[PDB]
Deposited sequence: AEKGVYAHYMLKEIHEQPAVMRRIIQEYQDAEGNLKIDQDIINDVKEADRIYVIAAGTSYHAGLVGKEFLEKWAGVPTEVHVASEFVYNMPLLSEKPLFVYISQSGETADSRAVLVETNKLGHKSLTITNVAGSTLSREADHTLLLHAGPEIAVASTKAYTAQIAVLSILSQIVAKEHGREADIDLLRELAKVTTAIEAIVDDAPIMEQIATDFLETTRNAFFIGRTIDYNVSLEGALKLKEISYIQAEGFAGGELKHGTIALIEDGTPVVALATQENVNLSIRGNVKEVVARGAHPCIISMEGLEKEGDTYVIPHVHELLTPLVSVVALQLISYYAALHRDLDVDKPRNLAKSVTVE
């Protein structure tokens, strides 16, 4: 029984509704971006931000770092909590710690927060669960409004985390400002996500064409796209057990290029103008060695032969759209191997 075969598929379809909830929750009656000013005051006074997370939340943090530096103008580092807690590095004078955690209870993040609290530094938690430990023990909380995630592989939590980071960063920019109307840009993103979801059949076909028999897969991108590559590789591993790995395009030369054989699927993201030719060059190099290339590009950057072309959205927001293609391709790869998916 049930409209969707799996919770994960339902949750992917819910992403546009999550974006709409975020857009409504983080604006005022006049339609301006709105976050509690005390949060903004601490964020804008920090000399450095340390994002503390793991897994999919760590990957969202990578995307968010771009907004925090390029819009908010605050130097930002992203760390794996299990590492940070056992080897805390030298800290800046006025650091702010941002704990990204869907549940709000992630153990290693909680241990880090105990320590940064002991040290007297300020903290912000981004979470889906109000009144979770990470919320209660941090100075400030931003809520995701994603609703409960039942599937083990996160989908809507990732896009919600990024969206919230973008809003926080633009409001801080204003205090000191990206020449964009972010709410308008996020509505564009919503509509783009819908377009990908409505192209589910094409995503199923891509899975069939590229991922039916392989034991491995390589997800490659540069810059903003390298971050998303990591997440697509995680999704495909989590649910299909394909040994998927994400690489920066310019790093393939070190060991990985050797691994290419005739038929090896390489999923390449090309959503960034400055590295469009570069990442396509990397694809030509893996193709010469036998790879089967699945290029996912963006309107304005696409070339003959690309496998799929996502709608045009703002250069730093492309992860919100490209990831949905990767989620659905991963879902269908798993489905075709008759796996549980939701776990």
- Message: If a residue lacks a C-alpha atom here, it counts as unmodelled; so which stretches of the deposited sequence fall into that category?
- Response: 1-2, 179-180, 348-358
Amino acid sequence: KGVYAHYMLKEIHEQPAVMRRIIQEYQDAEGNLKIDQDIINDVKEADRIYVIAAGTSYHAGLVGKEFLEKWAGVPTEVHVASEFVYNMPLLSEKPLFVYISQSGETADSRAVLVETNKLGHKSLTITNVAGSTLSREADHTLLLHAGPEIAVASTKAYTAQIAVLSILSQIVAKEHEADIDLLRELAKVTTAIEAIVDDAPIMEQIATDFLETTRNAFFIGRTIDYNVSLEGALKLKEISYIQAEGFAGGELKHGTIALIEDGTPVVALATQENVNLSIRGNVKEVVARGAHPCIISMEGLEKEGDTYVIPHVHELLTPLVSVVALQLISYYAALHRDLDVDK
From here on, numbers count along this sequence of modelled residues.
- Item | Which of 63-71 and 39-47 has higher mean CA B factor, as the PDB entry lists it | 39-47
- Query: Should the higher mean CA B-factor in the entry be assigned to 130-138 or to 225-233?
  - Reply: 130-138
- Query: Based on what the PDB entry reports, which of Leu328, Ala17, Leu335, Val321 has the top C-alpha B-factor?
  - Reply: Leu335
- Task: Going by the CA temperature factor in the entry, name the top one among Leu317, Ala291, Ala53, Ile310.
- Result: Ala291
- Item | Relative C-alpha B-factor of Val78, binned into the chain's lowest, middle or highest third | lowest
- Item | CA B-factor placement of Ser57, once the chain's modelled residues are sorted into thirds | lowest
- Third of chain Cα B-factors occupied by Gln161: lowest
- Query: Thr125: which third of its chain by C-alpha temperature factor?
  - Reply: lowest
- Taking the chain's C-alpha temperature factors as the reference, tell me which third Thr191 falls into: lowest, middle or highest. lowest
